[PDB]
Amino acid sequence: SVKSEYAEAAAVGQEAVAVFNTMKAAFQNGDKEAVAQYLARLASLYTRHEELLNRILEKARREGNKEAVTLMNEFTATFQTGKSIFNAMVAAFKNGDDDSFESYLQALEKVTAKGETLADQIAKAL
């Protein structure tokens, strides 16, 4: 169902949270080789997460679950914010710009954390 497909999406999001927090520890410890690998894994996860969300949104659309569609439109907009901050974070790492990387990392945490409450309402709605 759409509901189980969103449970799967949610788990992938939780994976990225876990990897993000390991990455943050690695950054604080100055282990750049690890961070690079974690950043690559994060991009794969976010790309997967978005694809699962899009298919779930289109399926709630075809099913006429208007309340779910509204919430998912809002969530996928906030997803793009996350994606833009993430991509800038990656670019700062490549550039060797630790102040920006810190800033984008702090800001991405808050986007994600704030996005968690909408995530939970989508669960109940589907």
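In this text, residue numbers run from 1 along the sequence as written.
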Study note, to complete from the structure: Of 20 to 28 and 113 to 121, the stretch with the higher mean C-alpha B-factor in the deposited entry is 113 to 121
Point to revise | Third of chain Cα B-factors occupied by residue 33 | key: middle
Study note, to complete from the structure: Chain-relative C-alpha B factor for residue 10 (record values, thirds): the lowest
Revision key, fill the gap. Residue 65: CA B-factor among chain residues, third -> middle
Review point. Considering only modelled residues of the same chain, in which third does the CA B-factor of residue 85 rank: lowest, middle or highest?
Key: lowest
Practice item. Tell me, lowest, middle or highest third: where does the Cα B factor of residue 54 rank within its chain? Key: highest
